[PDB]
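# need a 3D model of the sequence below.
(chains A, B, C, D and E)
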Amino acid sequence: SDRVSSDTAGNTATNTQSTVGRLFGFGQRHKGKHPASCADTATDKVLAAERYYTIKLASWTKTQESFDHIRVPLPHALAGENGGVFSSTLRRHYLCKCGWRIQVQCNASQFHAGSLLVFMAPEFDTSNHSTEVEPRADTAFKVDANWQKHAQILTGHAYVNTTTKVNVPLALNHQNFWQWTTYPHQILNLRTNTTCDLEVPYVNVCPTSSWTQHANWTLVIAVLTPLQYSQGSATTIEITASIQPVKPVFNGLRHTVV
Amino acid sequence: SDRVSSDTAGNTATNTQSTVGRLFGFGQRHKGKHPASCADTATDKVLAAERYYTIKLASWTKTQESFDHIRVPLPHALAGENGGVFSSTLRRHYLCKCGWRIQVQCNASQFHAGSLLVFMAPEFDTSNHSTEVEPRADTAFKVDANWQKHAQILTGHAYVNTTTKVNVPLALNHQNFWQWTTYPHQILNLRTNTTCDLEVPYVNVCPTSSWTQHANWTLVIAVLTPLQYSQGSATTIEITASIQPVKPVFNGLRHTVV
Amino acid sequence: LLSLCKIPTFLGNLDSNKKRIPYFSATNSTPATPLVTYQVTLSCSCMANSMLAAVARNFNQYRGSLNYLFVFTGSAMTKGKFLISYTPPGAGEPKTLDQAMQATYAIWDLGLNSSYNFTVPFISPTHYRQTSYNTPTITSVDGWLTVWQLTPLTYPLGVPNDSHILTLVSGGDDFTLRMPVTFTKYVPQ
Amino acid sequence: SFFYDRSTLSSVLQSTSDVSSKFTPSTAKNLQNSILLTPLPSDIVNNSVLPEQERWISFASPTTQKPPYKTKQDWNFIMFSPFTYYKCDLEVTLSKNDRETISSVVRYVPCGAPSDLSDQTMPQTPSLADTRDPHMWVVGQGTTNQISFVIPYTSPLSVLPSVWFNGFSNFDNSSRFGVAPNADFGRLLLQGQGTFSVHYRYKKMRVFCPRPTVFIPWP
Amino acid sequence: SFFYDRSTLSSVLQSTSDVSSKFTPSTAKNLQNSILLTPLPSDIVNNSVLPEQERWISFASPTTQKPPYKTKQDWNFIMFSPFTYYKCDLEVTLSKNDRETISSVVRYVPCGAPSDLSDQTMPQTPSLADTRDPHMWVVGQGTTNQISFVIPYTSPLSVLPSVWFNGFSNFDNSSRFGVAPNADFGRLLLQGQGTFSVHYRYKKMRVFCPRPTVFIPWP
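Numbering: from 1, shown residues only, chains lettered A, B, ... in the order given. Okay, here it is:
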């Protein structure tokens, strides 16, 4: 009913029929103001970049447990070729400042059970935790390919070998997921909605970001209640997301990164 | 929708999501006025007694036929220990005057069929009919433990042996159930509602009641349409009730009854 | 910091293998005992990892409402009714449905809306109550919250017998904490 | 602001050289004679000349599996910092661990400024005092063996990361992932005999973006 | 108010461990290194970790049948407290029993708050100072070997029982009958060398319900 919602962005448009509204993190929106730390007049209002970029994220199965999650580093998740003009413009600029408008999608049925927590978090560790190796430029800002387990992050994850790990009780990349709900979020309850709509402004340690070195925002999808269904019900349950950079402004035009 | 209803009474509260409204018998409510037949100032407005007392009533199976019923003598159904402070106060008073606010509960599913008639009746025979024995203090005002059949009450039930019964065509405790719908009531249709809400004022042959000798009101749940369901559907269908004495007033304080 | 306390966070329920999960199970039957029992203390092991408890651990006393949020995750075809009860102390834990429904309670009916927001009223002999304790006292333990199965969860064929109800807690609208302190230290693991 | 506006033990310092001598970075049973001003874990990292911010905490003993830790930090801050970024001024308190008359010189170096671990330019003078940097000098039986002062936020960053920094600090991304560049309040170098405990008090404390607290073992 | 607004000897404290060390509860000839702030008799009760309020006074010596007593209290208050309940703030004075230069750290713990008898989180630092709780640190030849301060009434009780409490403190009525729950002004933990005498001064003293004074032997 009042749950039918359409949202336009450039030459793209998202549509849902089970929305529970859009949550604005910090009750703020990125207004697109130029960073006062740059003298060069920023490149902005690029319609071809102010749109929704949709990508498949993961498959939800009965094996996932509460707090298992998928991470989507930003803006990096869209710095690839599929980032269209947002990407091609980003790659050719030293700095970028922007917010995010996101909708994650996931449908099941009236006979399926389970729920996900969809949230945005600033300075949320996106590094690989299945190794004791130091994170690198090409391994630190990648969209998770597999669901991440939860136990190994409560007290953090030090990039040191297994035997040293014993004398390291806490790492600064710790994430007490029991409170992940304190981050701007929404819940995707299979019985209620098939979409979640969020939007966050630009936050960072500085006016604009040298994105090549920093993924300030992270979109995270974690299961809260495990997926359940009986014999006969659809078994393929997938999660998708439409990500829109809100009024991105670019500074420091230069040759592209490789 | 407008079928979600909550009702508070003391430290209790009933909630339903399929109400069809509350029916006020005789369009009257017990206002809690003191009986003009008593000189002693009544004890009233006892919050600990003006609440909902919830009890399990019976299990509904496919074997019940139209007009089979369960009787709940009042105030006796709550004169036991589970009657809380209403009970402990009642047992220590010679007289009691009050109305009743009741909600009977019973859920099934969109795939079950059947209906019940929920009604309140004054001077409704609550005596045992499975015997020719004279009703006694401890057998006349008890909540039915088993469903009562219907045939043996159309013309009443004389407390005389089976052979005399032949020359006794009618007894004053007769109940033409074909007209039970003339009593303040509501219907619990499995396809429509899972609750019925009724309320009746105080009626009796006198200003206040010597309850120890008289159960003036009787809550009755009778099936109108037999329970039906197919193989696989939930088989356990139970009936419950929340009973609230409306503004009870007590007179004639004395030692307790045993 | 109160902002955090008001964000509903997950309670830790025990799995059949004594594992901790954010929900409890219910099926086509009405047990004579509560499905879950939470002692109202910000010290409950049950809410030990909720944001509410995490913040409360750094304060001496609290006051106000507590919100227990239950989210039904069963199928859309599953129906049923629960009786959520809050029993103040003094006469011990409620042993039967008859006892539970004699205290503060709300009947939760399943349907279109998925969750039920239950409030444990602040009923106390004192204006403030302790966040933790060595031994339970009348100023640190305030009774129990038990959820019962009023009517059995009911459903058609082709539906799993067990439904999972997510459980969360947080401070209510008039909830407050006071007196900043350090909680008993422990070794992470 | 009120909660964090109170002094909490956050570090310890030790020196075995006199006031009138050249300051030289040293370590003794996990105690340096200089400190990195940050509530987060700090310690000598991979043989760094001075303490740097750590990414994890380690026990001092290789056996016990029990504290003390070899890393310096405000335990109260680490155990309870439900925010991603923070902003504040720092009130530092430095106390001598015994009653022997104090005779010490401390040099405060703003966030990211030169440490200037140079020689004495004049004989028999405390090299740490040979600077325009803010420095303190306490000595005598009239003193009360302690020092306290407040410094402003000096980091080039707008706000400091309270727990993790999901990135590198240099352009070739070779630094230790997880540590932000210049995320501190400067350093404290000390000379003179003694062991001194340090306290931090967060003035006009402001926090941003709520986040999880350190997990606690299930009772 | 006037009568009780004056300092009276009410306790004595003793410590044999230095400032920069881990505080550990100890007893030596009936003197602990921590105190329970209450004018009523207090002492280690049935091997309690810290002093608790007593219900009776005992001689220190098992023979003499003469004081000192092994229990701590404000003799003037016990001998003259013609009221059942009292309300007030507490001005505490702590004095070193000899002229050796003082070097001590004292921690004040509000009524019923955690004692936090934990290890040092950093080497060579007074563990008692490793808190946000109000604590005092005095040391040096410029000091005058004493400490004084005033604390507010912190008990969760509206008024404190001055003599007896006709009841138990727990729900299973297993506590020591006669002692009220949290009927004190907190505790004082001390570290550093020395023996210190303690005084109490009852600020804005208010009393309720007149009652008998301690009986005195017939002349």
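
# quick one: the strands in chain D?
Assigned by DSSP state E, chain D shows strands spanning D:8-15, D:27-28, D:31-32, D:34-36, D:42-43, D:52-53, D:83-96, D:103-109, D:135-139, D:146-151, D:160-161, D:187-191, D:194-210.

# what residues does chain C have near chain D?
Residues of chain C lying close to chain D (C-beta under 8 Å from any C-beta of the partner chain) are C:1, C:3-4, C:12, C:20, C:45, C:48-49, C:51, C:54-55, C:57-58, C:180, C:182, C:185-189. From N, CA and C alone the C-beta is placed, and that goes for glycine too.

# among these, name the buried ones.
C:1, C:4, C:12, C:20, C:45, C:48-49, C:51, C:54-55, C:57-58, C:180, C:182 (16 or more other C-beta atoms under 10 Å in any protein chain shown).

# before we move on, the earlier item: between the strands of chain D, which gets nearest to residue E:83?
Residue E:83 lies closest, by C-beta to C-beta, to one member of the strands of chain D: strand D:8-15, at 40.6 Å.

# touching chain A at all, the closest one?
No - figure legend: strand D:8-15 not in contact with chain A (C-beta under 8 Å from any C-beta); closest approach 15.5 Å.

# alpha carbons only: can I get that strand in PDB?
This file holds the C-alpha atoms of strand D:8-15, laid out as PDB (Å, rounded to 0.1, in the frame of the first residue of the first chain):
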ATOM      1  CA  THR D   8      42.600   7.600  34.300                       C
ATOM      2  CA  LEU D   9      45.900   5.700  34.400                       C
ATOM      3  CA  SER D  10      47.100   5.500  30.800                       C
ATOM      4  CA  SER D  11      50.900   5.100  30.800                       C
ATOM      5  CA  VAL D  12      54.100   4.600  32.700                       C
ATOM      6  CA  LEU D  13      57.600   6.000  32.100                       C
ATOM      7  CA  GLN D  14      61.100   5.200  33.400                       C
ATOM      8  CA  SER D  15      64.400   6.900  33.300                       C
END
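
# neighbouring contacts of it?
In this structure, residues lying in contact with strand D:8-15 by C-beta atoms under 8 Å, 6 or more residues apart in numbering or on different chains are D:26, D:28, D:31-35, D:39, D:42, D:72-77, D:94, D:104, D:188, D:190-201, E:121-125, E:129-132.

# repeat that for 6 Å
Outside strand D:8-15, the residues that touch it by C-beta atoms under 6 Å, 6 or more residues apart in numbering or on different chains are D:28, D:31, D:33, D:35, D:72, D:74, D:76, D:190-191, D:195-200, E:122-125, E:130, E:132.

# between strand D:83-96 and that strand, find me the angle.
Orientation of strand D:8-15 against strand D:83-96 (axes from the mean of the first three to the mean of the last three C-alpha atoms, to 10 degrees) gives an angle of 50 degrees.

# what strands line up against strand D:8-15, and which way round?
Partners of strand D:8-15 in the sheet, by DSSP bridges, are strand D:194-210 (antiparallel).

# please point out which parts of the partner strand sit buried.
Quick answer for strand D:194-210 (16+ other C-beta under 10 Å): D:194-203, D:205, D:207-210.

# what's the local residue count around the nearest residue to residue C:53 once chain neighbours are set aside?
Excluding the flanking residues, the one nearest residue C:53 by C-beta to C-beta, 6 or more residues apart in numbering or on different chains is residue C:47, at 4.7 Å. Neighbour count for residue C:47, taken as other C-beta atoms under 10 Å in any protein chain shown: 28.

# with the one 5 residues further on instead?
The number of residues packed near residue C:52 is 27, by other C-beta under 10 Å.

# residue contacts, the residue nearest to residue D:30 when sequence neighbours are not counted?
Using C-beta to C-beta, 6+ apart and skipping residues adjacent in sequence, the residue nearest residue D:30 is residue D:70, 4.4 Å away. The contact partners of residue D:70, taken as C-beta under 6 Å, 6+ apart, are D:30, D:58, D:60.

# for chain C, longest strand please?
Looking across chain C with DSSP E, the single longest strand is strand C:144-154.

# and it with chain B, contact?
Yes - under the criterion of C-beta under 6 Å from any C-beta of the partner chain, strand C:144-154 makes contact with chain B via C:151-152, C:154.

# what about the closest residue in space to residue C:32 that isn't next to it in sequence, distance to residue B:72?
Spatial nearest neighbour of residue C:32, chain neighbours left out: residue C:96 (7.0 Å); criterion: C-beta to C-beta, 6+ apart. In this view, residue C:96 and residue B:72 are 19 Å apart by C-beta to C-beta, to the nearest Å.

# before we move on, what about residue C:161?
Note on residue C:161: its distance to residue B:72, by C-beta to C-beta, is 33 Å.

# among these two, which residue is more densely surrounded?
Using other C-beta under 10 Å, the more surrounded residue of residue C:161 and residue B:72 is residue B:72, with 26 against 14.

# now the host helix or strand of that one, how far from the centre of its chain.
Taking DSSP states H and E as the definition, one finds residue B:72 inside strand B:69-74. Centre-to-centre, strand B:69-74 and its host chain are 5 Å apart (C-alpha atoms, centre = their mean, to the nearest Å).

# buried residues in that strand, which are they?
For strand B:69-74, the neighbour count (16+ other C-beta under 10 Å) marks B:69-74 as buried.
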